[PDB]
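For reference, the structure is listed below as structure tokens.
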Amino acid sequence: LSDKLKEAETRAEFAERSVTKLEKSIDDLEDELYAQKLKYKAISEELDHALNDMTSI
Amino acid sequence: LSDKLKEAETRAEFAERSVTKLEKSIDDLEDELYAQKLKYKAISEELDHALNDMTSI
Amino acid sequence: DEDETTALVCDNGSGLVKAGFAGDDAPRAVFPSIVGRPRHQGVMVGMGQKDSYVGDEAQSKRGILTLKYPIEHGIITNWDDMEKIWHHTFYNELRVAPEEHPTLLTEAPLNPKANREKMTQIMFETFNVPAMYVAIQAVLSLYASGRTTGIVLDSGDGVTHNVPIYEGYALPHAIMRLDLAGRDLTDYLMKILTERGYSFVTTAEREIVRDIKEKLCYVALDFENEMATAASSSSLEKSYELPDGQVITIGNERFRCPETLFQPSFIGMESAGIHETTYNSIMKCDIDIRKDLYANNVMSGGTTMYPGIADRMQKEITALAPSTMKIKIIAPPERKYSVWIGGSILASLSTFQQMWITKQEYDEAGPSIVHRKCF
Amino acid sequence: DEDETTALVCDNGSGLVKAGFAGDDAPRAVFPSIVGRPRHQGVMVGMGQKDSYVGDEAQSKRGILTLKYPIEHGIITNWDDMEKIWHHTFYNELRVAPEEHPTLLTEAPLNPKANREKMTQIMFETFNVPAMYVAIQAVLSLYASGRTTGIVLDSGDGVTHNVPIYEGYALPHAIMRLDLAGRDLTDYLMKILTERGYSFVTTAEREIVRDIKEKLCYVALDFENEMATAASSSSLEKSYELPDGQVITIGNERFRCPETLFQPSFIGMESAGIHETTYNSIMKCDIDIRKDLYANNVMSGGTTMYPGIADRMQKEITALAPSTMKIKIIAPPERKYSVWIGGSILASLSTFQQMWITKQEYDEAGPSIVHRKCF
Amino acid sequence: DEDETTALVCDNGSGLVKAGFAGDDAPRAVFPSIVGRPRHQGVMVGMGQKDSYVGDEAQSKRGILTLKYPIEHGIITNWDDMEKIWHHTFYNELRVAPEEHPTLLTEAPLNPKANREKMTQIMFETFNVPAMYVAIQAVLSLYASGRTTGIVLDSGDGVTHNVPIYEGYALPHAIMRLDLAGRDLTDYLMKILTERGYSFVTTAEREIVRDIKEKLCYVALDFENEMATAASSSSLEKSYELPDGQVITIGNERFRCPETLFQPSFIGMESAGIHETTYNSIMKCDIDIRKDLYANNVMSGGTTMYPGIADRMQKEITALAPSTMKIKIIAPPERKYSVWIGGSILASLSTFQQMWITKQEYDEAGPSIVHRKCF
């Protein structure tokens, strides 16, 4: 049990670290998805707004 | 140790669910990012394409 | 899956394979004329793995394949790989079987006769097609564009043909068949991208360059001016993203490649360019023909889709041509795929249903019959 | 226990030997690759006492034995000791006589040929196995991991080969063999523990350090940051209890041992590490292969147990790897046991039953036959 | 120490550098293109010890140095290291200051623009050369051989360029750049010597294998028959003495290595070999050119010294070539030193004095000038 605990603790710590890595990667995806949407629909949708004007004339 | 193990194992398995939840969310955010990237790409390219075709007139 | 015995129509070139059924206005599917083969020794067991891959399969698994094109600048030599391309085209895409449909294939007017004979032989002997008809690409190019009179400028992957047709008649003495094509542009671009520090020599690299060309290239109306600025500033550069994440930034190579069409000397070819061949094919025709051909220079095939190409050729032809007379290039959006459309038009004409080689006449005479029955 | 004449599967390294019956998901017996011998004069009589001890016997009575292993940096150097290990493993623990079962043995593709010949000869001549096959360790690692495509970084006890496979095919020109493995990591640790005041040079002592390494060490996601803290604070020391009741505490040495995987210069090797070879094997693969291998870099064998290694490796490869592309390392539970598991998967395939060298072909040709029959 | 202001000739490749004074018949300073650096921690003090070693210094003290090559596959990747090679070559061995000696450097025809301009820049800004020229190796090879026409196979350590010249004119459309060279043949040998039980990966080991290749390897005229006996008997084995007194005995690896020239798949290359590329360099030239290039197939640079290669190539091209036609290989004992000899011939030619870029034109235009002035 001491080893099972160290192992479970390694697993708990692993999961805390894995969660930490994923806390970081979820935030990176939360920020990257955010940034990509924020820049991508905001720019390309803006480019389609610009289409409204670009294709006028 | 049995109690500490139950907590380390419970915390590990739980945290492992946080690992799979963050991981899953990361994959879903990446599928969304991809879809966002794809739409961005498709729009910028559809416009750039159409614009190249329509640069003239 | 068709409810009528409509002719199948397919353009099996050195680049792409275009296919659909007669009566439509577009090929239903288009893919590369490729049969791929593993260039590596297998080590895992129970992996399936084909001896050869076709079309999109060949490109999808290309990481370990060498990719070959059975058609060489307009002629079929590797008929066995083409049998696989046709089988894939018909059964895995159109979901038709030639056995139940007459089939139309096409070639340039000065294409070696071996091409028409081999295409006829395979469709009758391995696919059991009830009938065959090898069409002229120039005929199909003008049908799709809407002309009985004009110059066919079919500048695609294989060969540029340059043929004048007047009132539906060939004027064959004025054909300027030229060994300058989209296929040479891919290899030339690999060499000038090597000059920039990005060497390309393998099949995967060639497919990457073909993609760079198709997405980044243009010719421009004024080459020297476009060259002077592209060679002097980043403002005319465009990046390309490679399959492995590498990024290549391309400057004047973006147009110097395509410019080979007007300056063939870039690839060591003894030629004055596509605008001069167009010009001379008209100048060799009678003066009561020339007035209609100069006003109807008609684009078909790839490379005709490059920005500045219709304006570039019209400018050069106009400069070489006499005044008063009008010079014009017809360059419809149905580009690169217009010969397929012409095939649909021919295949579906009522006046064309007597032009078919049937699978009776074929076996009595053999495949050489195409040389007498089609044109 | 087995109720069928299934193939036997046995992975043999410089560390441990894993064995069991094909069709399972685990070896049923695991023994150290060790044959022990007494180094003392006996005084009492009627004490039993063996001339040699094998596997668990070698470790259980090790207090007065010198312990040696038969495999060095991937090859068998002592066939007699391998015969003892297999005899014990098969007949005493698995309770199986290979005479009635085909046997599957393993090696990476660059392993010197003598190793494959010895594996084949021992099983055919001392065990009378009816059939043999030698499989690629990378092949088996990919089967265990659920892959046909990926790079197998077999960071075991002896040698690391880092072998890339695409669609089940070898890409042998890209195998970047590395002279760094778990046995060298143990030696590093023995020297650094000597600096701390604990000399470990004799067999019992060498076994202790190996055990310390396996239970106390981790890679460290950030070496320098982990060291800045570990070198400054005792709170990062882990206490290991030595067999005699004494203890040793290990601080930054806890990670400096596995750091050799990222710093081979620590043991005098002219290499940057396992992440450098991971990168070079993929770098030399075809440009249209790379994307699938980068998304599927595979850990296999031992040393992958480091709870620091999973993030350490993906960070190190991602840092060298191309943008746009998804970069990922697979670190499956089938670790430290992936070759055996893959062996079971291969050995039990119906598509593999035609891959066996029979004990007919073997005697007609001799053991060199494995060189023509396996891969 | 020279008595005339004669340009230096410096054939600086990915392997070795052959340097000397124009007007002579041989290089005077021959060094490997190596810059070496210590990879160990010093213990003694007052031992001298350089930060870096070059040329022969790099090899003489190599026991503890990691050795790097500043030039890879035909180009300079590390110009600072080339300045170190050049300073030593010029001032210590040739004992000349470039300030009064213009210096001719060499390149392949499709070599990236960046390399030709960087070489120009270093000689003008670091060495203050009064003038510069960068020559085509094919030009130099033809001068040395007494020809204005032929295919130059410059098959050295970096790239095989396969470049045709006719009547002194380049025929660039027919250059077949090939990613197979002497450096790959060395790597292949390291991998198959690993198969024999002698792994070679470190700097000392890499230098040994290159030396083994140069001394023991050959192609002969028939691979399969040579392999049938080499793989069956010790009668075709040759021993090589390793630096520490130990030896390695090599069998069919002796020919399997250079056979990669005829079988590039041995290193994972998508190529039919050097004879296919030689053939295409001839075949892709006009029909009235082909006859003169067939009769003037020119061996140049490294690997041309494998026994049986001049005749092996004549046989392999003859096998692809039309009958009746005479295929001839030019392969004088001045093989591989022919680029240096041509450099001497061209640099000192009165008809070529106006071809030197002076350090006037250089500063007005910058280093890109080499691209417009040399050819």
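Just so it is clear, none of the values below were taken in a lab; they were calculated from the coordinates. With ideal geometry, Cβ positions are generated from the backbone for all residues, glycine too; neighbour counts draw on all protein chains shown.
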Sort B:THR55, D:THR304, C:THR6, E:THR126 by Cβ crowding within 10 Å, fewest neighbours at the top. B:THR55, E:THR126, C:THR6, D:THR304
Specify, per residue and in Å³, the volume enclosed by the convex hull of the alpha carbon atoms belonging to the stretch C:303-375. 167 Å³
Using helices alone, I'd like the mean residue ellipticity at 222 nm for chain C: each DSSP H run of four-plus residues gives -39500 (n - 2.57), total over residue count, nearest 500. -9500 deg cm²/dmol
Percent antiparallel among DSSP beta bridges (both partners in chain D, rounded to 5): 65 percent
Among C:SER233, C:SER14, C:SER348, which one shows the highest mean-square fluctuation when chain C is modelled as a Gaussian network with alpha-carbon springs under 10 Å? C:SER233
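Cut-off is 10 Å between beta-carbons; in what order do D:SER265, C:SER271 appear when sorted fewest neighbours first? Before the final figure, lay out each step's value.
Details: D:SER265 15, C:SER271 19.
Lowest count first: D:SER265, C:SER271.
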Copies of E:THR5 compared via label points 7 Å along Cα→Cβ give distances in nm, shortest first, of 9.1, 9.2
Along principal axes, largest first, the alpha-carbon spread of the stretch C:177-282 in whole Å comes out as 48, 31, 20
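Write down the percent of antiparallel bridges among all DSSP beta bridges whose residues are both part of the protein assembly as shown, to the nearest 5.
Numbers: 88 of 127 bridges.
The antiparallel fraction comes to roughly 70 percent.
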The stretch D:25-57 and the stretch D:176-214: distance between their alpha carbon centers, rounded to Å: 23 Å
Cα-Cα pairs above 29 Å in chain C: how many percent? 45 percent
Compute from the Cα atoms of the stretch C:223-358 the Rg and the Dmax, the latter being the longest Cα-Cα distance, and quote both in angstrom. 19.4, 62
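How large is the direction-averaged shadow of the alpha-carbon convex hull of chain B, in nm²? Present the calculation step by step, with values, prior to reporting the outcome.
Numbers: hull surface 14.8 nm².
With the hull built on Cα positions only, its mean projection is 3.7 nm².
Other chains near A:32-43: what is the mean number of their Cβ atoms within 10 Å of each residue's Cβ? Could you put the intermediate results ahead of the total?
Details: counts 6, 11, 3, 2, 9, 7, 1, 2, 9, 4, 1, 3.
So the per-residue partner count for this stretch is 5.
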Shortest-first distances to equivalent copies, position E:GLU334, nm, label 7 Å out along Cβ: 6.4, 6.6
Just to be sure I understand: with springs between alpha-carbon atoms less than 10 Å apart, which residue in C:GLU316, C:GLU83, C:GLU361 has the highest mean-square fluctuation in the Gaussian network model of chain C? C:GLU361
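In square nanometres and to one decimal, what's the mean projected area of the convex hull around the Cα atoms of the stretch D:130-239? Provide the component values of the computation, followed by the final result.
Working: hull surface 44.1 nm².
For the Cα atoms of the stretch D:130-239, the hull's average projected area reads 11.0 nm².
Based on the Cα coordinates of the stretch E:53-203, what is the per residue volume of their convex hull in Å³? Could you put the intermediate results ahead of the total?
Values: hull volume 21.6 nm³, N = 151.
Enclosed volume per residue, from the Cα hull, is 143 Å³.
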Using Cα pairs under 8 angstrom and six or more residues apart, how large is the relative contact order of chain D, in percent? 20 percent
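Take every Cα pair under 8 Å in the stretch E:182-267 that's 6+ residues apart, average their separations, divide by the length, and report that relative contact order as a whole percent.
Values: 87 pairs, mean separation 27.5, N = 86.
Value for the stretch E:182-267: 32 percent.
Would you please report the Å³ per residue occupied by the convex hull of the alpha carbon atoms in the protein assembly as shown?
Working: hull volume 305.8 nm³, N = 1239.
Hull volume normalised by residue count: 247 Å³.
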Shortest first, in nm, what separates the label point of C:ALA319 from those of the same position in the other copies (7 Å along Cα→Cβ)? 5.0, 5.7
Arranged by the count of other C-beta atoms within 10 angstrom, fewest first, what order do C:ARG37, D:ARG116 take? C:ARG37, D:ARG116
If the cut-off is 29 Å between C-alpha atoms, which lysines fall inside it for E:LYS359, apart from same-chain ones fewer than 8 positions away? E:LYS18, E:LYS84, E:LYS113, E:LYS118, E:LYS373
Taking H placed 1.01 Å from N in the peptide plane, check which residues at least 5 places from C:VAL17 or on another chain put their amide H under 5 Å from its amide H. C:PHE31, C:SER33
Candidates E:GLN41, E:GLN353, E:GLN59: whichever shows maximal mean-square fluctuation once chain E is modelled as a Gaussian network with Cα springs under 10 Å: E:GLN41
What are the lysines whose alpha-carbon lies under 22 Å from the alpha-carbon of A:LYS24, with same-chain residues fewer than 8 places away excluded? A:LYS37, A:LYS39, B:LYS21, B:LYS24, B:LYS37, D:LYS315, D:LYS326, D:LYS328
